[PDB]
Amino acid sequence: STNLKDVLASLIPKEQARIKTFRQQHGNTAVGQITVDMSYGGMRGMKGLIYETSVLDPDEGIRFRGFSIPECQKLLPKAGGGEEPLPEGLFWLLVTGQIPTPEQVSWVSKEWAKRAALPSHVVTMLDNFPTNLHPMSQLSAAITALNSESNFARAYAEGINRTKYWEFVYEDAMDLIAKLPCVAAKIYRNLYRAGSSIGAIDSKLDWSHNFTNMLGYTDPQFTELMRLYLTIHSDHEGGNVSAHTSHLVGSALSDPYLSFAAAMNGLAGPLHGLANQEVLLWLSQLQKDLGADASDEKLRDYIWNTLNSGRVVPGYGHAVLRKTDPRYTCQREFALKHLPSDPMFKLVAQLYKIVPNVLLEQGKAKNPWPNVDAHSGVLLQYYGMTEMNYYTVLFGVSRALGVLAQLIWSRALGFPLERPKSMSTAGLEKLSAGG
C-alpha cells in the first residue's frame, strides 16, 4: 500500500510544470553578481545551484524541506519507546517534502532491510584491504566497486529514454542506502574486531538499529545516539563539498554509486567531514600535552600554538554559517542529558567558552563559532567507539540520505551538465585591465 515510487510519480509532473512556468517568467532575472574576489575565493557568496532538499540559513542553520532540527525532532516518527527521530522518516521528508506517517516510515525500514546484500567481489575486496588503508578510502573504493550492480548504468546502456532516468536513480538510491551499513560495518569489524562477522539484517528493525547490531554495540542509548547522528548529518544544502561533488558528478550521468563514492572522497577532506576525526585527534594531543583538567590560560596557549603553526582549529568556522551550528547545539543537548559528567565532554564544553574568543582575537575566521564536527566524536567516544579514524564513515553513511534524495530530483527535473566557465589570472586581468 505504501510506495514512495508511486508518490514521486505524481509529484514529479507538478514540479516540472511549476519550474517551467517560473523560468518562463523569470529565467532572465538576475539573482546576483560575480566579482573577482568570489572567483578567487572558492565561489564564496555565489548563488550557484538549485538544490531542493534543504536550505541553510547563515543565522538560523539548516532547514530540511522547511523544517528546522527541533521541528524534526518533534515531528518525525520515533522508535518504539524512542526519543530520537528515525532517519528513515527524514529521508521520506526530503524526498517528498511531506512529514511521513509511522506506517510510511516502517515501509522504508522494510524496504531498506529487503535490499541490503553485498556481492562477493565487494566482500573479497574489503577483506583483502590492508589495515593501514584509511576507513574512508576503503569505503569509497567499495562503493565504486559496487557500480557493477547499477540499475541506472544498465538502463542507460540499454538506451532508455531520458525521461525515465529518475526511475532508475531511485532504485539505485534505495539499494545503495540499504547497502551502506553493511559495507560500513564490514570495515569496522575487519579493522577493529578482526575474526568476527557483522551478521544478518533483521527485517524487523529500523536501519540504525540493524547498523549498531552489525557494529556490535548493545547499549540502547547508543542506538538512540545513532538515530540522531544519522538524521542530523543527512543533508546540508547543496554547496557543501560532498553534496556539490555528488551533484556535479551525477550531472554527467555517472550512476549513483559513482557519484556517491566521489562525494565520499570530498567528505574525506580535513576541511570537510574529516574534521570530526581531526577534532578528536586534536583533543587527544591536548589532554596529552596538558593532561585532563586544564586551566583556561593553558587552553588559550594551546590554541594559539596551533594557529601560529599555520594550522586550523578543527570543528570551528563555516563557509556559510555565521552563528553556532544548531547541529552542535543539538548534540550538546544530548550530552547534557546523557553524559553530562564525561571529562571529554567537559573539555569540549570548556572549549566553547574559549575557542571563539581566541578566533575573534586572531581576526581571520569569518565565523568563530563551532560547527557540527566540534561535538560528534565526544559522544561516540563515550559509548565505547574510540576508533577516531572511523568517525567520518558514519558521516558518510548519513550523508547518503540527503545527496541521494536530491539526486533523484535532479534527474526527475532534467537538470543538465554542470559546466561553468573558468578563467586564468591573465585572462581575467585582461578582461579588466589588470592590477
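Heads up, when I say rigid core I mean the largest set of C-alphas that superpose within 1.5 Å between the two forms. Numbering starts at 1 and runs along the sequence shown.
*Asks:* Consider 137-145 and 303-311 separately and indicate which one has Cα atoms farther, on average, from the shown form in 5 other deposited structures of this protein after rigid core alignment.
*Replies:* Result of the core-fitted comparison in 5 other deposited structures of this protein: 303-311 deviates more.
*Asks:* Using the rigid core for superposition, please say which stretch has the greater CA deviation in 5 other deposited structures of this protein, 194-202 or 334-342.
*Replies:* Clearly, after the core fit, the stretch farther away in 5 other deposited structures of this protein is 194-202.
*Asks:* Quick check on the record: does 220-228 or 244-252 carry the larger mean Cα temperature factor?
*Replies:* Per the PDB record, 220-228.
*Asks:* Tell me which of 351-359 and 173-181 has the higher mean C-alpha B-factor in the deposited entry.
*Replies:* Comparing averages over the C-alpha atoms only gives 351-359.
*Asks:* Please pick out which of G195, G238, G273, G97 has the largest Cα B-factor as recorded in the entry.
*Replies:* It is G195.
*Asks:* Quick one: which of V372, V31, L401, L56 shows the highest Cα temperature factor in the PDB entry?
*Replies:* The C-alpha B-factor peaks, among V372, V31, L401, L56, at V31.
*Asks:* Taking only the Cα B-factors deposited for this chain, tell me whether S422 sits in the lowest, middle or highest third.
*Replies:* Bottom third by C-alpha B-factor.
*Asks:* Looking at the C-alpha B-factor of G66, is it in the lowest, middle or highest third of its chain?
*Replies:* Middle third.
*Asks:* Please place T386 in the lowest, middle or highest third of its chain according to the CA B-factor in the PDB entry.
*Replies:* As the PDB entry reports it, the C-alpha B-factor of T386 lands in the lowest third of its chain.
*Asks:* By the record's CA B-factor, is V123 among the lowest, middle or highest third of residues in the chain?
*Replies:* Middle third, going by the recorded CA B-factors of the chain.
*Asks:* Can you tell me whether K110 has a C-alpha B-factor in the lowest, middle or highest third compared with the other modelled residues of the same chain?
*Replies:* Ranked within chain, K110 CA B lands in the middle tercile.
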